[PDB]
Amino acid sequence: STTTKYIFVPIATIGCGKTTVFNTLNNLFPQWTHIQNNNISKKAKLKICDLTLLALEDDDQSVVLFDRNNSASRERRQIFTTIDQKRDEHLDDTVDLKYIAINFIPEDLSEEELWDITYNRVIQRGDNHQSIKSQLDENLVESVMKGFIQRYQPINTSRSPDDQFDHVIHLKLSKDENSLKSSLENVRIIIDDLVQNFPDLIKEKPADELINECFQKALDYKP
């Protein structure tokens, strides 16, 4: 009769944990399609929005993890506008699409600490963002990361375009201290939020051993 499907839209800069968190969630929930802008050729005729809608055509798909930074408000505007315009090419009128913002940069986080956490993650642990995956020029890494931060516009659901989100999940971002890693905390935040608010997506919280193992795999993942 009627189906609701979801597009999880991150708002992040480089090294905030976006790919790690989405890889963890896909490890846990293989039916949640993880579409990585970083892996799409720029001559490809199917761009991330096209692949998103193709994925949502499948009856077995309920969630697309839309893996792109979307640090600028114009980038969020593009998702809403393009998906809204193109969905009729792909989906019948019994499918309701909901957009879930996954906010990776807390309002309370200073730009200095955003830089401190993310730049040192990228240099110490690596990042597969294509323009910086080599890191043969640490000046280039700094310059690209600064570009995303310069363009970053915090989520604001009291105005266009972010008022089009149906739900926002607020993540944490902090320096690693002892065994604590904010990306694993954030996986749990997402799972708990969906268990409570979207039981159609997670009827029962997975065992903690499995959540932690899926996170370990994502943390260790090299492509």
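All residue numbers refer to positions in the sequence shown, first residue = 1.
Visitor: Averaging only over Cα atoms, indicate whether 85-93 or 130-138 has the higher B-factor in the PDB entry.
Guide: It is 130-138 that shows the higher mean C-alpha B-factor.
Visitor: For the C-alpha atoms alone, is the average B factor greater in 94-102 or in 143-151, going by the entry?
Guide: Result: 143-151.
Visitor: By the CA temperature factor listed in this entry, which of these ranks top: 158, 37, 183, 33?
Guide: Of the options given, 158 has the highest CA B-factor in the PDB entry.
Visitor: Highest recorded C-alpha temperature factor, please, choosing from 162, 60, 50, 192.
Guide: Checking the PDB record, the top C-alpha B-factor among 162, 60, 50, 192 is at 60.
Visitor: Residue 222's Cα B-factor: lowest, middle or highest third of the chain?
Guide: Its C-alpha B-factor, which the entry lists for residue 222, ranks in the highest third among residues of this chain.
Visitor: Using the B-factors in the PDB entry, rank residue 69's C-alpha atom against the chain and give the third, lowest, middle or highest.
Guide: Lowest third, going by the recorded CA B-factors of the chain.
Visitor: Going by the entry, which third of its chain does the Cα temperature factor of residue 45 land in?
Guide: Ranked within chain, residue 45 CA B lands in the highest tercile.
Visitor: Can you work out whether the C-alpha temperature factor of residue 200 puts it in the lowest, middle or highest third of the chain?
Guide: Its C-alpha B-factor belongs to the highest third of this chain's values.
Visitor: Divide the modelled residues of the chain into thirds by Cα B-factor and specify which third, lowest, middle or highest, holds residue 80.
Guide: Lowest third.
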